[PDB]
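Colleague: mmCIF, C-alpha atoms, saved as target.cif, coming up:
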```
data_protein
loop_
_atom_site.group_PDB
_atom_site.id
_atom_site.type_symbol
_atom_site.label_atom_id
_atom_site.label_comp_id
_atom_site.auth_asym_id
_atom_site.auth_seq_id
_atom_site.Cartn_x
_atom_site.Cartn_y
_atom_site.Cartn_z
ATOM 1 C CA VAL A 5 27.175 9.312 7.344
ATOM 2 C CA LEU A 6 24.475 11.909 6.728
ATOM 3 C CA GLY A 7 20.774 11.615 7.420
ATOM 4 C CA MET A 8 18.681 8.655 8.517
ATOM 5 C CA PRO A 9 17.417 5.646 6.565
ATOM 6 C CA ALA A 10 13.737 5.237 5.734
ATOM 7 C CA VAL A 11 11.832 2.573 7.693
ATOM 8 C CA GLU A 12 8.853 0.313 6.901
ATOM 9 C CA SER A 13 5.607 -0.321 8.765
ATOM 10 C CA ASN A 14 5.729 -2.763 11.684
ATOM 11 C CA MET A 15 2.432 -4.248 10.497
ATOM 12 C CA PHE A 16 0.055 -3.883 13.439
ATOM 13 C CA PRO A 17 -1.845 -7.226 13.895
ATOM 14 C CA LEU A 18 -5.000 -7.758 11.861
ATOM 15 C CA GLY A 19 -7.907 -8.259 14.252
ATOM 16 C CA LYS A 20 -6.345 -6.320 17.110
ATOM 17 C CA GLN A 21 -8.352 -3.539 18.773
ATOM 18 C CA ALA A 22 -7.360 0.034 17.985
ATOM 19 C CA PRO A 23 -5.446 1.299 21.045
ATOM 20 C CA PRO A 24 -7.029 4.178 22.959
ATOM 21 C CA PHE A 25 -6.062 7.812 22.531
ATOM 22 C CA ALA A 26 -7.068 11.220 23.865
ATOM 23 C CA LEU A 27 -5.129 13.918 22.053
ATOM 24 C CA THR A 28 -5.398 17.590 21.261
ATOM 25 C CA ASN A 29 -6.479 18.532 17.743
ATOM 26 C CA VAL A 30 -4.362 21.510 16.649
ATOM 27 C CA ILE A 31 -7.033 22.775 14.274
ATOM 28 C CA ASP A 32 -9.459 23.826 17.023
ATOM 29 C CA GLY A 33 -7.712 22.897 20.266
ATOM 30 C CA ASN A 34 -10.232 20.191 21.177
ATOM 31 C CA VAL A 35 -9.175 16.971 22.870
ATOM 32 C CA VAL A 36 -10.260 14.173 20.511
ATOM 33 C CA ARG A 37 -10.680 10.556 21.637
ATOM 34 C CA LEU A 38 -10.843 7.212 19.859
ATOM 35 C CA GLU A 39 -14.493 6.957 20.868
ATOM 36 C CA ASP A 40 -15.111 10.241 19.014
ATOM 37 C CA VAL A 41 -13.974 8.737 15.703
ATOM 38 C CA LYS A 42 -15.570 5.291 15.974
ATOM 39 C CA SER A 43 -17.498 4.748 12.723
ATOM 40 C CA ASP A 44 -20.351 2.536 11.544
ATOM 41 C CA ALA A 45 -18.118 1.416 8.688
ATOM 42 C CA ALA A 46 -14.442 2.301 9.004
ATOM 43 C CA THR A 47 -11.951 4.462 10.871
ATOM 44 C CA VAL A 48 -8.718 5.469 9.128
ATOM 45 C CA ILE A 49 -5.812 6.506 11.353
ATOM 46 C CA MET A 50 -2.748 8.078 9.758
ATOM 47 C CA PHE A 51 0.613 8.789 11.380
ATOM 48 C CA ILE A 52 2.316 11.636 9.543
ATOM 49 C CA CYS A 53 4.477 14.720 10.023
ATOM 50 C CA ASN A 54 5.247 18.012 8.267
ATOM 51 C CA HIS A 55 8.752 17.623 6.842
ATOM 52 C CA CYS A 56 9.154 14.178 5.263
ATOM 53 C CA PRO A 57 9.378 13.527 1.516
ATOM 54 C CA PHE A 58 7.211 10.415 1.847
ATOM 55 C CA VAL A 59 4.477 12.453 3.521
ATOM 56 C CA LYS A 60 4.773 15.268 0.955
ATOM 57 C CA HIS A 61 4.275 12.563 -1.661
ATOM 58 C CA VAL A 62 0.829 11.667 -0.291
ATOM 59 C CA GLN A 63 -0.500 14.916 1.231
ATOM 60 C CA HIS A 64 -2.680 15.893 -1.736
ATOM 61 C CA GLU A 65 -4.260 12.430 -1.933
ATOM 62 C CA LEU A 66 -4.971 12.411 1.804
ATOM 63 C CA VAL A 67 -7.310 15.341 1.223
ATOM 64 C CA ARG A 68 -8.825 13.911 -1.949
ATOM 65 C CA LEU A 69 -9.375 10.569 -0.204
ATOM 66 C CA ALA A 70 -10.958 12.048 2.916
ATOM 67 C CA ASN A 71 -13.228 14.295 0.847
ATOM 68 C CA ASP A 72 -14.391 11.236 -1.114
ATOM 69 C CA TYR A 73 -15.037 9.008 1.889
ATOM 70 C CA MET A 74 -15.942 11.150 4.882
ATOM 71 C CA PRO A 75 -19.341 11.794 3.238
ATOM 72 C CA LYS A 76 -19.786 8.002 3.083
ATOM 73 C CA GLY A 77 -19.419 7.810 6.849
ATOM 74 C CA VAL A 78 -15.729 6.907 7.059
ATOM 75 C CA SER A 79 -13.751 8.597 9.842
ATOM 76 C CA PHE A 80 -10.251 10.004 9.273
ATOM 77 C CA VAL A 81 -7.657 11.052 11.843
ATOM 78 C CA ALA A 82 -4.079 12.232 11.351
ATOM 79 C CA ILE A 83 -1.598 11.985 14.221
ATOM 80 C CA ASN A 84 1.840 13.594 14.514
ATOM 81 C CA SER A 85 4.021 11.880 17.141
ATOM 82 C CA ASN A 86 7.370 13.414 16.204
ATOM 83 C CA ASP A 87 9.422 15.050 18.955
ATOM 84 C CA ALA A 88 8.922 18.760 18.243
ATOM 85 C CA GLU A 89 12.071 19.615 20.182
ATOM 86 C CA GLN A 90 14.167 17.705 17.652
ATOM 87 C CA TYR A 91 11.946 18.655 14.720
ATOM 88 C CA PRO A 92 10.429 22.150 15.254
ATOM 89 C CA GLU A 93 8.406 21.773 12.057
ATOM 90 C CA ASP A 94 6.250 19.268 13.944
ATOM 91 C CA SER A 95 5.303 21.581 16.809
ATOM 92 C CA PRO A 96 1.553 21.983 17.374
ATOM 93 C CA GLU A 97 1.687 25.598 16.161
ATOM 94 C CA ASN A 98 3.332 24.541 12.890
ATOM 95 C CA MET A 99 0.955 21.597 12.574
ATOM 96 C CA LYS A 100 -1.925 24.057 12.741
ATOM 97 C CA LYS A 101 -0.457 26.186 9.953
ATOM 98 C CA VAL A 102 0.093 23.144 7.750
ATOM 99 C CA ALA A 103 -3.446 21.861 8.275
ATOM 100 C CA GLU A 104 -4.776 25.275 7.237
ATOM 101 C CA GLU A 105 -2.505 25.530 4.190
ATOM 102 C CA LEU A 106 -3.389 22.062 2.907
ATOM 103 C CA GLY A 107 -6.979 22.276 4.081
ATOM 104 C CA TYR A 108 -6.934 19.027 6.046
ATOM 105 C CA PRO A 109 -10.623 18.076 6.508
ATOM 106 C CA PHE A 110 -9.798 15.695 9.361
ATOM 107 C CA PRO A 111 -8.432 16.305 12.870
ATOM 108 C CA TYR A 112 -4.648 16.632 13.192
ATOM 109 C CA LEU A 113 -3.673 15.483 16.679
ATOM 110 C CA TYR A 114 -0.308 15.786 18.405
ATOM 111 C CA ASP A 115 0.951 12.823 20.430
ATOM 112 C CA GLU A 116 3.604 14.535 22.554
ATOM 113 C CA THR A 117 4.331 11.581 24.844
ATOM 114 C CA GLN A 118 4.529 9.234 21.842
ATOM 115 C CA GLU A 119 2.595 6.694 23.890
ATOM 116 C CA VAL A 120 -0.060 6.480 21.180
ATOM 117 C CA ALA A 121 2.486 5.851 18.415
ATOM 118 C CA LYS A 122 4.074 3.123 20.530
ATOM 119 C CA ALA A 123 0.666 1.547 21.197
ATOM 120 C CA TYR A 124 -0.190 1.436 17.484
ATOM 121 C CA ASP A 125 3.412 0.388 16.886
ATOM 122 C CA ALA A 126 3.586 3.127 14.264
ATOM 123 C CA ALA A 127 7.049 3.111 12.694
ATOM 124 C CA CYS A 128 7.189 5.628 9.879
ATOM 125 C CA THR A 129 5.512 8.657 8.350
ATOM 126 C CA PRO A 130 3.171 8.074 6.668
ATOM 127 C CA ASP A 131 1.847 4.910 8.345
ATOM 128 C CA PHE A 132 -1.771 3.890 7.594
ATOM 129 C CA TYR A 133 -4.355 1.966 9.612
ATOM 130 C CA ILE A 134 -7.996 1.057 8.976
ATOM 131 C CA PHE A 135 -10.286 -0.336 11.699
ATOM 132 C CA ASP A 136 -13.818 -1.670 11.272
ATOM 133 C CA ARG A 137 -17.072 -0.781 13.048
ATOM 134 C CA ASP A 138 -15.876 -2.795 16.038
ATOM 135 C CA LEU A 139 -12.493 -1.033 15.984
ATOM 136 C CA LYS A 140 -10.649 -4.166 14.891
ATOM 137 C CA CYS A 141 -7.721 -3.685 12.513
ATOM 138 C CA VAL A 142 -8.643 -4.835 8.998
ATOM 139 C CA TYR A 143 -5.893 -3.047 7.062
ATOM 140 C CA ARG A 144 -2.466 -1.539 7.676
ATOM 141 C CA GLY A 145 0.334 -0.482 5.388
ATOM 142 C CA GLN A 146 0.752 1.659 2.283
ATOM 143 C CA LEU A 147 -1.597 4.215 0.731
ATOM 144 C CA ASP A 148 -0.957 2.679 -2.684
ATOM 145 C CA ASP A 149 1.927 1.381 -4.832
ATOM 146 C CA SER A 150 3.277 4.854 -5.637
ATOM 147 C CA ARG A 151 6.569 5.982 -4.064
ATOM 148 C CA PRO A 152 8.633 9.157 -4.481
ATOM 149 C CA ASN A 153 11.105 7.130 -6.552
ATOM 150 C CA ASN A 154 8.920 5.052 -8.900
ATOM 151 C CA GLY A 155 6.800 7.272 -11.162
ATOM 152 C CA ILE A 156 3.493 5.495 -10.467
ATOM 153 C CA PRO A 157 0.801 8.169 -10.160
ATOM 154 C CA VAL A 158 -0.674 8.614 -6.685
ATOM 155 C CA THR A 159 -4.191 7.140 -6.504
ATOM 156 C CA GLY A 160 -4.830 5.976 -2.935
ATOM 157 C CA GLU A 161 -5.969 2.691 -4.489
ATOM 158 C CA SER A 162 -4.990 0.357 -1.646
ATOM 159 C CA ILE A 163 -6.975 2.255 0.983
ATOM 160 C CA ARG A 164 -9.827 2.992 -1.442
ATOM 161 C CA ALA A 165 -10.209 -0.718 -2.185
ATOM 162 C CA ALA A 166 -10.236 -1.567 1.525
ATOM 163 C CA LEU A 167 -12.822 1.105 2.290
ATOM 164 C CA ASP A 168 -15.054 0.026 -0.596
ATOM 165 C CA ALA A 169 -14.925 -3.557 0.665
ATOM 166 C CA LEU A 170 -15.812 -2.410 4.189
ATOM 167 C CA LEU A 171 -18.720 -0.301 2.922
ATOM 168 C CA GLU A 172 -20.022 -3.163 0.781
ATOM 169 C CA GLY A 173 -19.642 -5.879 3.404
ATOM 170 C CA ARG A 174 -16.885 -7.731 1.555
ATOM 171 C CA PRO A 175 -13.540 -8.900 2.987
ATOM 172 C CA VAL A 176 -10.695 -6.394 2.697
ATOM 173 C CA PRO A 177 -8.258 -7.556 0.006
ATOM 174 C CA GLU A 178 -5.705 -9.944 1.531
ATOM 175 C CA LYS A 179 -2.655 -8.372 -0.065
ATOM 176 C CA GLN A 180 -1.394 -5.707 2.330
ATOM 177 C CA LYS A 181 2.045 -4.181 1.772
ATOM 178 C CA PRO A 182 4.009 -2.102 4.327
ATOM 179 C CA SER A 183 4.297 1.663 4.020
ATOM 180 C CA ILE A 184 7.713 3.317 3.988
ATOM 181 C CA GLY A 185 8.857 6.748 5.073
ATOM 182 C CA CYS A 186 10.904 8.721 7.570
ATOM 183 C CA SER A 187 11.209 7.116 10.963
ATOM 184 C CA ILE A 188 8.955 8.593 13.612
ATOM 185 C CA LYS A 189 11.218 10.910 15.614
ATOM 186 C CA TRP A 190 11.321 9.193 18.982
ATOM 187 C CA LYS A 191 12.273 11.016 22.165
ATOM 188 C CA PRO A 192 15.186 9.601 24.193
ATOM 189 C CA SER A 193 14.408 6.293 25.904
ATOM 190 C CA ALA A 194 13.217 6.963 29.444
#
```
Using the file provided, produce a representation of the structure as structure tokens.
Modeller:
Amino acid sequence: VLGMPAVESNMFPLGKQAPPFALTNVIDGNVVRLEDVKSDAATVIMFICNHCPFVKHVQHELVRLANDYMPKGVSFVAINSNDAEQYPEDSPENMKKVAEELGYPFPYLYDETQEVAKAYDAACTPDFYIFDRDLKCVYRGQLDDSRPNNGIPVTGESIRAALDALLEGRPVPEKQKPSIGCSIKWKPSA
């Protein structure tokens, strides 16, 4: 038996408050907090990593999406909770290099204790969350219908539709499907 199976989102509860977080941003070394990303419209939190085919599948769109919506007032934050001792590619130093290479326009924070991933009940990479002006969860799941194995072009449609609804004062579409990807690399149970 080689490798590990992919896992799906755990579907964080709609309406639940975004859990707190105070983590170092590898791009500039600043400690960034939830309060620092609270938005007047929406806050998008993304759990990702550097060596996962499901993340590689969406990396380009993450940048396109953030560039389209950050100017509209939407906040974006990427968090890497993978144990860097098991997966060196997820070390803060490597995270910094990746952010520079891909030109991530949003903070890339490292959650070394994994307490933030557990609080958001993040399960895979990538795992997407959207919270409203009051930091209540209004969307969680996939980026869009595309997957590494289906041929559908990447569009970011699911998140784009949710953000548009939030910016226009309309309810986020009800249909919310789980994301799928590599399991977050948890440290041994303590």
Colleague: Taking a cut-off of 9 Å and counting all atoms listed in the file, can you build a table that, for each residue of region 17-92 of chain A near region 103-122 of chain A, reports the nearest atom pair and how far apart they are in Å (one decimal), sorted by chain then residue number, as a Markdown table?
Modeller:
```
| residue | atom | partner | partner_atom | distance |
| --- | --- | --- | --- | --- |
| A:23 | CA | A:120 | CA | 7.5 |
| A:24 | CA | A:120 | CA | 7.6 |
| A:25 | CA | A:120 | CA | 6.3 |
| A:26 | CA | A:115 | CA | 8.9 |
| A:27 | CA | A:113 | CA | 5.8 |
| A:28 | CA | A:113 | CA | 5.3 |
| A:29 | CA | A:113 | CA | 4.3 |
| A:30 | CA | A:112 | CA | 6.0 |
| A:31 | CA | A:112 | CA | 6.7 |
| A:32 | CA | A:111 | CA | 8.7 |
| A:35 | CA | A:113 | CA | 8.4 |
| A:36 | CA | A:113 | CA | 7.7 |
| A:51 | CA | A:121 | CA | 7.9 |
| A:63 | CA | A:106 | CA | 7.9 |
| A:64 | CA | A:106 | CA | 7.8 |
| A:66 | CA | A:108 | CA | 8.1 |
| A:67 | CA | A:108 | CA | 6.1 |
| A:70 | CA | A:109 | CA | 7.0 |
| A:71 | CA | A:109 | CA | 7.3 |
| A:74 | CA | A:110 | CA | 8.9 |
| A:79 | CA | A:110 | CA | 8.1 |
| A:80 | CA | A:110 | CA | 5.7 |
| A:81 | CA | A:111 | CA | 5.4 |
| A:82 | CA | A:112 | CA | 4.8 |
| A:83 | CA | A:113 | CA | 4.8 |
| A:84 | CA | A:114 | CA | 5.0 |
| A:85 | CA | A:115 | CA | 4.6 |
| A:86 | CA | A:116 | CA | 7.5 |
| A:87 | CA | A:116 | CA | 6.9 |
| A:88 | CA | A:116 | CA | 8.0 |
```
Colleague: Have a look at CA of residue 48 (chain A) and CA of residue 179 (chain A) and let me know their distance in Å, one decimal.
Modeller: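 If I compute the distance from CA of residue 48 (chain A) to CA of residue 179 (chain A), I get 17.7 Å.
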Colleague: Convert the output of the PyMOL selection byres ((chain A and resi 47) around 9) on the shown file into explicit residues, formatted as a PyMOL selection string.
Modeller: chain A and resi 41-46+48-49+78-81+133-137+139
Colleague: Taking the file above as input, evaluate the PyMOL selection byres ((chain A and resi 147) around 7) and report the hits as an MDAnalysis selection string.
Modeller: chainID A and resid 132 145:146 148 160:163
Colleague: From the options A:76, A:96, A:178, A:186, which residue's atoms come nearest to residue 7 (chain A), counting all atoms listed in the file?
Modeller: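 Once distances to residue 7 (chain A) are computed over all atoms listed in the file, the minimum belongs to A:186.
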Colleague: Just how far from CA of residue 184 (chain A) is CA of residue 97 (chain A), in Å to one decimal?
Modeller: 26.1 Å
Colleague: Care to translate the PyMOL selection byres ((chain A and resi 12) around 8) into actual residues of this file, as a list in words?
Modeller: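 Against this file, the PyMOL selection byres ((chain A and resi 12) around 8) returns the residues residues 10, 11, 13, 14, 127, 128, 182, 183, 184 and 185 of chain A.
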Colleague: Rounded to one decimal, what separation in Å do you get between CA of residue 40 (chain A) and CA of residue 73 (chain A)?
Modeller: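 Here the two named atoms are 17.2 Å from each other.
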Colleague: As AutoDock Vina command-line options, please: the centre and edge lengths in Å, to one decimal, of an axis-aligned box enclosing every listed atom of region 26-31 of chain A with 6 Å added on each side.
Modeller:
```
--center_x -5.7 --center_y 17.0 --center_z 19.1 --size_x 14.7 --size_y 23.6 --size_z 21.6
```
Colleague: Between A:102, A:156, A:141, A:123, which one has atoms that come closest to residue 61 (chain A), using only C-alpha atoms?
Modeller: A:156
Colleague: Considering all atoms listed in the file, state which residue in the set A:194, A:18, A:58, A:131 is at the smallest distance from residue 176 (chain A).
Modeller: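 When distances to residue 176 (chain A) are compared using all atoms listed in the file, the smallest one comes from A:18.
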Colleague: Considering all atoms listed in the file, state which residue in the set A:151, A:54, A:125, A:19 is at the smallest distance from residue 101 (chain A).
Modeller: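 That would be A:54, the residue with the smallest distance to residue 101 (chain A).
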Colleague: Choose the residue, out of A:153, A:90, A:129, A:159, that has the smallest atom-to-atom separation from residue 191 (chain A); count all atoms listed in the file.
Modeller: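 For residue 191 (chain A), the nearest of the candidates is A:90.
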Colleague: Pick from A:38, A:166, A:142, A:158: nearest to residue 17 (chain A), with only C-alpha atoms counted?
Modeller: A:142
